[PDB]
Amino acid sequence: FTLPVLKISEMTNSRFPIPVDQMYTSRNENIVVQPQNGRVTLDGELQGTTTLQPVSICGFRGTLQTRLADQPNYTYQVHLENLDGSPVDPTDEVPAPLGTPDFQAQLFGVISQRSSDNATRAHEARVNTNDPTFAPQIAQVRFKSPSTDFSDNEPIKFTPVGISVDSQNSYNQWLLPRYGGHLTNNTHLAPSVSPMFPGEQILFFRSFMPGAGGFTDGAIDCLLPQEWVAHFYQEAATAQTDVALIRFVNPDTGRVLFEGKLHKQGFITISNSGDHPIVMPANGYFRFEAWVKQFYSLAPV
């Protein structure tokens, strides 16, 4: 069993298409940690809405249907396709199309269009993933743009950039959208994750999304870098036990700086308490040490 040897700054957040900025740990009391992007088992089984390419996270494609005249200027109805262009089939055993955002926010980015004659246009757009009409599982999503320059019945692509916040639009990275819209309950979710030994917390790979209005640090925490997600999918290895002991090494000295448990479900725990960055030499990377058990007692970080 192997891990990619990439540095923190050479890897991509698996929940938003930006580089990992830091490792981070927190207690997350009163929160069910259940991200749907960046979800893979150590055996390589993708879960949730996880896509393989980083550049597709929180992106979507589809067809622009109409401008909704009786909605705030200017709101448009989109009929989603899958990232591969195929029709969204709600009977698929996924919570929503691959790439769908897995958090509640005013998601900010650009809607672009290309016609059969290769005419193009693109403008800023915001997608409210906490609106009742947000129903990507059934292929219906709206965006709001300052521009009227969008063409009905032509293809669209959403390129995410960041989030915007205000009192009417909180950013809750741990609260899932209702992918079916309105009162529907989510289905086929990748399972929640929790540390399962006293003294342990999950170790996150944290990035700070750009903001497009309001005060926000944009912090978003993923369970595994996207490069690990694709690594495990490709390796399609069989986990020997439920827990791989991994060690964070500084290649400048070859010494181990700390260790963690890489769980079969696809997340890391460390022996540590509190909410804070885990600050480490920039060249450090994790390497697999051995298969162990849930009760392996980690050296405190």
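Residue numbers here begin at 1 and follow the sequence given.
The stretch with the higher mean CA B factor, choosing between 61-69 and 235-243, is 235-243. Relative to one another, 131-139 and 90-98 have unequal mean CA B-factors, and 90-98 is the one with the higher figure.
Of the candidates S112, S164, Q104, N185, the one whose C-alpha carries the top B factor in the deposited record is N185. Highest CA B-factor among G266, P251, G260, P35, as stated in the entry: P251. Sorting the modelled residues of the chain by their CA temperature factor places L189 in the middle third. Among all modelled residues in this chain, the alpha-carbon of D221 has a temperature factor (C-alpha) in the lowest third.
Sort the chain's modelled residues by C-alpha temperature factor and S273 lands in the highest third, per the entry.
For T50, the recorded CA temperature factor ranks within the lowest third of the chain's modelled residues. Among the modelled residues of its chain, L175 has a C-alpha B-factor that falls in the lowest third, as given in the PDB entry.
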